[PDB]
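Engineer: Below: one structure in structure tokens.
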Amino acid sequence: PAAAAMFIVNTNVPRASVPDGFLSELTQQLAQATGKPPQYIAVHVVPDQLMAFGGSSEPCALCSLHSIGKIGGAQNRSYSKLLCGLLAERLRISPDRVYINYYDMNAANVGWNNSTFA
Amino acid sequence: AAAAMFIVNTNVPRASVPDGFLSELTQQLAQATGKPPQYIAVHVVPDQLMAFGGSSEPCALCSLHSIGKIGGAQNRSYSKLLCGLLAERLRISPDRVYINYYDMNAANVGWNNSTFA
Amino acid sequence: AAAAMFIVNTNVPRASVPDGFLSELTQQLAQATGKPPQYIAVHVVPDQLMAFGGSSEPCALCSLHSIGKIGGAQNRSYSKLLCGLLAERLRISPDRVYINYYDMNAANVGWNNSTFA
Ligand SMILES: [Cl-]
Ligand SMILES: [Cl-]
């Protein structure tokens, strides 16, 4: 599929708790997992959010992975283990307090560089 | 299917959001969707640079992602509920609120190292 | 249908977002989509922690959700428009912008206590 993918993390954990290296690690790990070049992976981390999961304000995250292709039942299970693992290790968020929404984007529906990936 | 998540982005000030608002959203959404509250997630983002129709009046852009429980009649019910809460608690007119509803396939929601498929 | 909404998330600092940018996006999107500006919502989020291709140079991740007016040719036109505006006003290179396009079903957009069904 065309090369783009993007991963967003929204979390209540504080800015101070995001490791140096985290966005770079997300980029490299997602490139590897999706088979996409890192040049076309975008990552976005949003700490300090007002959020709750199950009515509790213990650490949690709501995430999205938008990808042109490379989305499906088995792949998404694999991404979830990878990404929950990174959020647990790096941000100290329990995997049972993380949702990740997966979106398979059509290339014609991803704009870039004044045009689209179609 | 257990999961649902509601996100509100708004231009109203942080100081205007009541202390119990996340808990109220959780409880109200659990009742509206029939899902246990244990698996409802909520997220409120105030102080945003955002306009509705070019105007700086209070407004909101929201999303409700749910595995199931999404459809024409249900979404109407959720809009009345959620616009009502945003009006009552955040003083946002319902005609300056959009809510995008997403019926998520269970295979497309990750949680706890796996997906809901 | 009247509704559309445009969201920009960017790592450019808040002080670099010019006065009047939300209004310009509203007017330009209204012209491009044929929708009245009164039902276009825009949302800009500066100072984000982002990387694009591993780099923290200026970049943006954006969404355009619209009832209708979404398709291959229209999206290419919107990308030229919106990348143009982000370059002109926020000094972001077009090759560091993604815009996700979503054609929303009217029944899945809540507004004013109901939906657009
Ligand atoms: Cl509850
Ligand atoms: Cl530029």
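Identifiers in this document derive from the order of the structure tokens: chains are assigned A, B, ..., residues are numbered from 1 separately in each chain, and ligands are numbered from 1 in order of occurrence.
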Counting only C-alpha atoms and all ligand atoms, which protein, DNA or RNA residues come within 7 Å of ligand 2, given as a list in words?
Structural biologist: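 Those within range of ligand 2 are residues 87, 88, 91, 92, 93 and 94 of chain C.
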Engineer: I need the chain B residues near chain C as a list in words; criterion: at most 7 Å, counting only C-alpha atoms.
Structural biologist: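 On the chain B side, the interface is residues 49, 50, 51, 52, 53, 54, 72, 75, 76, 79, 80, 83, 94, 95, 97, 98, 99, 100 and 101 of chain B.
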Engineer: Just fit chain C onto chain B on all the Cα atoms, in order, by least squares, and give it as a tab-separated table (two decimals) with C-alpha atoms, in the first residue's frame.
Structural biologist:
```tsv
chain	number	residue	atom	x	y	z
C	1	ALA	CA	-19.20	-5.45	23.55
C	2	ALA	CA	-18.00	-3.26	26.33
C	3	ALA	CA	-15.91	-0.54	24.67
C	4	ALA	CA	-16.79	3.06	23.89
C	5	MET	CA	-14.96	6.33	24.08
C	6	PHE	CA	-16.17	9.92	24.08
C	7	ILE	CA	-13.98	12.92	23.29
C	8	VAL	CA	-14.93	16.58	23.64
C	9	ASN	CA	-12.84	19.43	22.23
C	10	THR	CA	-14.05	22.85	23.24
C	11	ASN	CA	-13.01	26.50	23.43
C	12	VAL	CA	-14.55	26.93	26.88
C	13	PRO	CA	-11.90	27.65	29.54
C	14	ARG	CA	-10.58	24.85	31.70
C	15	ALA	CA	-11.81	26.55	34.90
C	16	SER	CA	-15.38	26.32	33.61
C	17	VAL	CA	-15.28	22.47	33.41
C	18	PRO	CA	-16.90	21.35	36.63
C	19	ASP	CA	-15.49	18.85	39.05
C	20	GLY	CA	-17.11	15.58	38.41
C	21	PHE	CA	-17.83	16.15	34.70
C	22	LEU	CA	-15.78	13.15	33.52
C	23	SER	CA	-17.63	10.89	35.93
C	24	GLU	CA	-21.02	12.22	34.88
C	25	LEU	CA	-20.23	11.64	31.22
C	26	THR	CA	-19.06	8.12	32.07
C	27	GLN	CA	-22.21	7.29	34.03
C	28	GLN	CA	-24.55	8.85	31.48
C	29	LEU	CA	-22.92	7.10	28.53
C	30	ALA	CA	-23.01	3.78	30.38
C	31	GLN	CA	-26.76	4.20	30.98
C	32	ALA	CA	-27.36	5.26	27.35
C	33	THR	CA	-25.39	2.47	25.71
C	34	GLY	CA	-26.01	-0.35	28.17
C	35	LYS	CA	-22.22	-0.79	28.50
C	36	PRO	CA	-20.60	-1.11	31.94
C	37	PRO	CA	-19.02	2.18	32.97
C	38	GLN	CA	-15.71	0.39	33.49
C	39	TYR	CA	-15.17	0.23	29.77
C	40	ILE	CA	-16.27	3.73	28.81
C	41	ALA	CA	-13.40	6.18	28.34
C	42	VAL	CA	-13.97	9.92	28.33
C	43	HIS	CA	-11.69	12.78	27.32
C	44	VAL	CA	-12.38	16.51	27.59
C	45	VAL	CA	-10.07	19.10	26.03
C	46	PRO	CA	-10.80	22.71	27.03
C	47	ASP	CA	-9.22	26.02	25.92
C	48	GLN	CA	-9.03	25.08	22.28
C	49	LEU	CA	-8.59	27.49	19.40
C	50	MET	CA	-11.82	26.88	17.50
C	51	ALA	CA	-14.46	28.46	15.34
C	52	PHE	CA	-17.93	27.24	14.50
C	53	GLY	CA	-19.62	29.07	11.65
C	54	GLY	CA	-16.82	31.64	11.74
C	55	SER	CA	-17.52	32.58	15.38
C	56	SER	CA	-15.44	31.95	18.51
C	57	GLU	CA	-18.51	31.76	20.78
C	58	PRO	CA	-18.51	28.58	22.86
C	59	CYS	CA	-18.62	25.45	20.74
C	60	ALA	CA	-17.55	21.80	20.78
C	61	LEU	CA	-16.37	19.14	18.36
C	62	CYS	CA	-16.82	15.68	19.79
C	63	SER	CA	-16.48	12.02	18.85
C	64	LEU	CA	-18.19	8.89	20.14
C	65	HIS	CA	-16.44	5.70	19.02
C	66	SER	CA	-18.23	2.54	20.07
C	67	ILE	CA	-18.20	-1.15	19.25
C	68	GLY	CA	-21.89	-1.42	18.32
C	69	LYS	CA	-24.79	0.67	19.64
C	70	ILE	CA	-24.40	3.19	16.78
C	71	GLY	CA	-27.20	3.93	14.29
C	72	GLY	CA	-29.64	6.59	13.22
C	73	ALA	CA	-32.08	6.44	16.13
C	74	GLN	CA	-29.46	5.68	18.77
C	75	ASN	CA	-27.33	8.59	17.55
C	76	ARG	CA	-30.24	11.02	17.79
C	77	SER	CA	-30.73	9.87	21.38
C	78	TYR	CA	-27.03	10.29	22.20
C	79	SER	CA	-27.05	13.78	20.66
C	80	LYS	CA	-29.95	14.84	22.85
C	81	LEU	CA	-28.14	13.40	25.91
C	82	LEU	CA	-24.71	14.80	25.14
C	83	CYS	CA	-25.78	18.19	23.85
C	84	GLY	CA	-27.92	18.38	26.99
C	85	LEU	CA	-24.88	17.70	29.18
C	86	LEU	CA	-22.66	20.14	27.33
C	87	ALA	CA	-25.31	22.86	27.68
C	88	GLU	CA	-25.95	22.06	31.37
C	89	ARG	CA	-22.33	21.75	32.47
C	90	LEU	CA	-20.25	23.74	29.96
C	91	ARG	CA	-22.90	26.28	28.83
C	92	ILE	CA	-22.40	25.45	25.14
C	93	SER	CA	-25.39	25.94	22.86
C	94	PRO	CA	-26.50	22.66	21.23
C	95	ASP	CA	-26.45	24.37	17.82
C	96	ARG	CA	-22.70	24.88	18.24
C	97	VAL	CA	-21.87	21.21	18.87
C	98	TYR	CA	-20.93	18.52	16.40
C	99	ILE	CA	-20.67	14.92	17.53
C	100	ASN	CA	-19.16	12.41	15.09
C	101	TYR	CA	-20.38	8.84	15.63
C	102	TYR	CA	-18.14	5.90	14.70
C	103	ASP	CA	-19.20	2.26	14.75
C	104	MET	CA	-15.88	0.49	15.29
C	105	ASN	CA	-15.27	-3.08	14.20
C	106	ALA	CA	-14.14	-5.06	17.28
C	107	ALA	CA	-11.01	-6.20	15.41
C	108	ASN	CA	-10.04	-2.55	15.00
C	109	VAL	CA	-10.06	-1.70	18.69
C	110	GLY	CA	-6.94	-2.55	20.61
C	111	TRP	CA	-7.02	-3.09	24.36
C	112	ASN	CA	-4.98	-4.96	26.94
C	113	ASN	CA	-2.30	-6.21	24.53
C	114	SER	CA	-4.86	-7.50	22.04
C	115	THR	CA	-8.06	-6.52	20.29
C	116	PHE	CA	-11.71	-7.10	20.95
C	117	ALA	CA	-12.02	-9.49	18.01
```
Engineer: Distance limit 7 Å, atoms considered: only C-alpha atoms. Which chain A residues sit that close to chain C? Return them as number ranges by chain.
Structural biologist: A: 23-24, 27, 38-46, 108-116
Engineer: Identify, with DSSP run on backbone atoms, the residues in chain A assigned to helix (DSSP H, G or I), and express the list as a ChimeraX atom specification.
Structural biologist: /A:15-17,22-34,38-40,73-91,95-97,107-109
Engineer: Would you mind listing, for every residue of chain A within 12 Å of ligand 1, the two atoms forming the shortest contact and the distance between them in Å to one decimal, using only C-alpha atoms and all ligand atoms, sorted by chain and ascending residue number, as a tab-separated table?
Structural biologist:
```
residue	atom	partner	partner_atom_place_in_ligand_line	distance
A:52	CA	ligand 1	1 (Cl)	10.4
A:53	CA	ligand 1	1 (Cl)	9.8
A:54	CA	ligand 1	1 (Cl)	6.9
A:55	CA	ligand 1	1 (Cl)	5.4
A:56	CA	ligand 1	1 (Cl)	8.9
```
Engineer: Assign secondary structure with DSSP using the backbone only, and return the residues of stretch 4-113 of chain B in strand (DSSP E) as number ranges by chain.
Structural biologist: B: 4-10, 40-45, 49-52, 60-66, 97-103, 109-111
Engineer: For those residues, write N, CA, C and O atoms to a file as a short mmCIF file (atom, residue, chain, number, x, y, z; two decimals), in the first residue's frame.
Structural biologist:
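Full text of part06.cif as output:
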```cif
data_model
loop_
_atom_site.label_atom_id
_atom_site.label_comp_id
_atom_site.auth_asym_id
_atom_site.auth_seq_id
_atom_site.Cartn_x
_atom_site.Cartn_y
_atom_site.Cartn_z
N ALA B 4 -16.49 1.74 24.69
CA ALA B 4 -16.90 3.00 24.08
C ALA B 4 -16.05 4.15 24.63
O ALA B 4 -15.54 4.03 25.77
N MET B 5 -15.87 5.21 23.84
CA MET B 5 -15.02 6.30 24.25
C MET B 5 -15.59 7.58 23.67
O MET B 5 -16.08 7.63 22.53
N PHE B 6 -15.61 8.61 24.51
CA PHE B 6 -16.17 9.90 24.13
C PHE B 6 -15.14 10.98 24.36
O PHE B 6 -14.56 11.08 25.45
N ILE B 7 -14.94 11.82 23.34
CA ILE B 7 -13.97 12.90 23.37
C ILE B 7 -14.70 14.19 23.08
O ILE B 7 -15.47 14.26 22.13
N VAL B 8 -14.46 15.21 23.90
CA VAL B 8 -14.98 16.55 23.62
C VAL B 8 -13.83 17.55 23.53
O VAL B 8 -13.04 17.67 24.47
N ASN B 9 -13.76 18.30 22.42
CA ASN B 9 -12.84 19.40 22.27
C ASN B 9 -13.66 20.67 22.26
O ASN B 9 -14.64 20.77 21.53
N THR B 10 -13.26 21.66 23.04
CA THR B 10 -14.04 22.87 23.16
C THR B 10 -13.19 24.09 23.40
O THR B 10 -12.12 24.00 23.98
N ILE B 40 -15.89 2.32 29.71
CA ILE B 40 -16.13 3.62 29.06
C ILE B 40 -14.96 4.55 29.36
O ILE B 40 -14.57 4.75 30.53
N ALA B 41 -14.43 5.16 28.30
CA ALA B 41 -13.37 6.16 28.45
C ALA B 41 -13.88 7.51 28.01
O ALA B 41 -14.67 7.62 27.07
N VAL B 42 -13.50 8.56 28.74
CA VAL B 42 -13.90 9.91 28.41
C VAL B 42 -12.69 10.82 28.42
O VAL B 42 -11.68 10.56 29.11
N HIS B 43 -12.76 11.89 27.63
CA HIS B 43 -11.65 12.78 27.41
C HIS B 43 -12.20 14.15 27.08
O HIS B 43 -12.96 14.30 26.15
N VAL B 44 -11.82 15.14 27.88
CA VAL B 44 -12.30 16.50 27.68
C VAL B 44 -11.13 17.45 27.48
O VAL B 44 -10.17 17.42 28.28
N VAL B 45 -11.17 18.26 26.42
CA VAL B 45 -10.07 19.11 26.07
C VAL B 45 -10.55 20.57 25.95
O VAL B 45 -11.12 20.97 24.91
N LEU B 49 -8.34 26.50 20.47
CA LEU B 49 -8.47 27.51 19.45
C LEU B 49 -9.40 26.90 18.39
O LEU B 49 -8.98 26.09 17.57
N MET B 50 -10.69 27.26 18.43
CA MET B 50 -11.67 26.59 17.58
C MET B 50 -12.89 27.50 17.44
O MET B 50 -13.22 28.27 18.35
N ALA B 51 -13.48 27.44 16.25
CA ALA B 51 -14.60 28.27 15.89
C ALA B 51 -15.62 27.41 15.22
O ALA B 51 -15.28 26.42 14.56
N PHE B 52 -16.88 27.79 15.39
CA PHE B 52 -17.97 27.12 14.72
C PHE B 52 -18.63 28.19 13.88
O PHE B 52 -19.09 29.21 14.41
N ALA B 60 -18.26 23.05 20.46
CA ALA B 60 -17.59 21.80 20.73
C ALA B 60 -17.57 20.91 19.51
O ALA B 60 -18.52 20.89 18.73
N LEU B 61 -16.47 20.18 19.36
CA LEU B 61 -16.35 19.12 18.37
C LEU B 61 -16.05 17.86 19.16
O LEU B 61 -15.06 17.81 19.91
N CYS B 62 -16.89 16.85 18.96
CA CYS B 62 -16.83 15.65 19.77
C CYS B 62 -16.83 14.40 18.93
O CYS B 62 -17.24 14.43 17.76
N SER B 63 -16.39 13.31 19.54
CA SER B 63 -16.45 12.00 18.90
C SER B 63 -16.96 10.97 19.91
O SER B 63 -16.56 10.99 21.08
N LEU B 64 -17.82 10.06 19.43
CA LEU B 64 -18.18 8.90 20.21
C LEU B 64 -17.81 7.69 19.36
O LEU B 64 -18.37 7.50 18.27
N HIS B 65 -16.88 6.88 19.85
CA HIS B 65 -16.46 5.64 19.19
C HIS B 65 -17.00 4.52 20.03
O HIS B 65 -16.74 4.47 21.25
N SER B 66 -17.71 3.59 19.41
CA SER B 66 -18.30 2.48 20.16
C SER B 66 -18.27 1.22 19.33
O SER B 66 -18.42 1.29 18.11
N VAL B 97 -22.49 22.47 18.42
CA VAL B 97 -21.86 21.20 18.75
C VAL B 97 -21.97 20.26 17.56
O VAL B 97 -23.08 20.07 17.02
N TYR B 98 -20.84 19.69 17.15
CA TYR B 98 -20.87 18.51 16.27
C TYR B 98 -20.38 17.31 17.06
O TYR B 98 -19.38 17.38 17.78
N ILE B 99 -21.04 16.19 16.84
CA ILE B 99 -20.61 14.91 17.41
C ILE B 99 -20.46 13.91 16.29
O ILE B 99 -21.45 13.57 15.65
N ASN B 100 -19.25 13.41 16.06
CA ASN B 100 -19.08 12.37 15.07
C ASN B 100 -19.22 10.99 15.72
O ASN B 100 -18.55 10.71 16.70
N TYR B 101 -20.08 10.14 15.16
CA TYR B 101 -20.32 8.80 15.69
C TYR B 101 -19.58 7.80 14.84
O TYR B 101 -19.67 7.84 13.59
N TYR B 102 -18.86 6.90 15.49
CA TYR B 102 -18.09 5.87 14.80
C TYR B 102 -18.45 4.49 15.34
O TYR B 102 -18.25 4.22 16.54
N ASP B 103 -19.02 3.65 14.48
CA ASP B 103 -19.27 2.25 14.79
C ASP B 103 -18.00 1.48 14.47
O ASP B 103 -17.66 1.20 13.32
N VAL B 109 -10.35 -2.25 17.40
CA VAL B 109 -10.14 -1.61 18.70
C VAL B 109 -9.20 -2.46 19.51
O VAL B 109 -9.54 -3.59 19.88
N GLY B 110 -8.01 -1.90 19.77
CA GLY B 110 -7.03 -2.54 20.64
C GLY B 110 -7.27 -2.18 22.09
O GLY B 110 -7.68 -1.07 22.43
N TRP B 111 -6.96 -3.15 22.94
CA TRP B 111 -7.12 -2.98 24.37
C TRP B 111 -6.37 -4.13 25.04
O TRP B 111 -6.47 -5.28 24.59
#
```
Engineer: Quick one, how far is atom CA of residue A:49 from atom CA of residue A:29?
Structural biologist: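 About the pair atom CA of residue A:49 and atom CA of residue A:29: they are 24.3 Å apart.
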Engineer: Show me, as a PyMOL selection string, the residues that have an atom within 7 Å of stretch 7-19 of chain A when counting only C-alpha atoms, minus same-chain residues fewer than 2 positions from it.
Structural biologist: chain A and resi 5+21-22+42-51+59-66+90-91
Engineer: Keeping C-alpha atoms, export the residues of the selection given above as an mmCIF file, in the first residue's frame.
Structural biologist:
```cif
data_model
loop_
_atom_site.group_PDB
_atom_site.id
_atom_site.type_symbol
_atom_site.label_atom_id
_atom_site.label_comp_id
_atom_site.auth_asym_id
_atom_site.auth_seq_id
_atom_site.Cartn_x
_atom_site.Cartn_y
_atom_site.Cartn_z
ATOM 1 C CA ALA A 5 0.865 5.898 8.657
ATOM 2 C CA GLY A 21 13.506 9.126 22.770
ATOM 3 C CA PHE A 22 9.852 8.136 22.934
ATOM 4 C CA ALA A 42 4.175 10.488 11.795
ATOM 5 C CA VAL A 43 3.738 10.331 15.576
ATOM 6 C CA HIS A 44 1.956 12.643 18.001
ATOM 7 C CA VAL A 45 1.927 12.405 21.805
ATOM 8 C CA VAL A 46 -0.449 14.521 23.900
ATOM 9 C CA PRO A 47 0.213 14.349 27.692
ATOM 10 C CA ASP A 48 -1.482 16.128 30.583
ATOM 11 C CA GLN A 49 -4.994 15.334 29.354
ATOM 12 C CA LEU A 50 -8.201 15.409 31.362
ATOM 13 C CA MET A 51 -9.276 11.820 30.847
ATOM 14 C CA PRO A 59 -2.928 6.599 34.056
ATOM 15 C CA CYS A 60 -4.733 5.723 30.801
ATOM 16 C CA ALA A 61 -4.493 6.414 27.079
ATOM 17 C CA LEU A 62 -6.696 6.795 24.023
ATOM 18 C CA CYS A 63 -4.772 6.233 20.810
ATOM 19 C CA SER A 64 -5.265 6.016 17.076
ATOM 20 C CA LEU A 65 -3.307 4.356 14.283
ATOM 21 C CA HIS A 66 -4.278 5.570 10.794
ATOM 22 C CA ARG A 90 7.749 4.018 28.732
ATOM 23 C CA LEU A 91 4.709 5.824 30.126
#
```
Engineer: Go ahead and compute the interatomic distance for atom CA of residue A:104 and atom CA of residue A:84, in Å to one decimal.
Structural biologist: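 Separation between atom CA of residue A:104 and atom CA of residue A:84: 19.5 Å.
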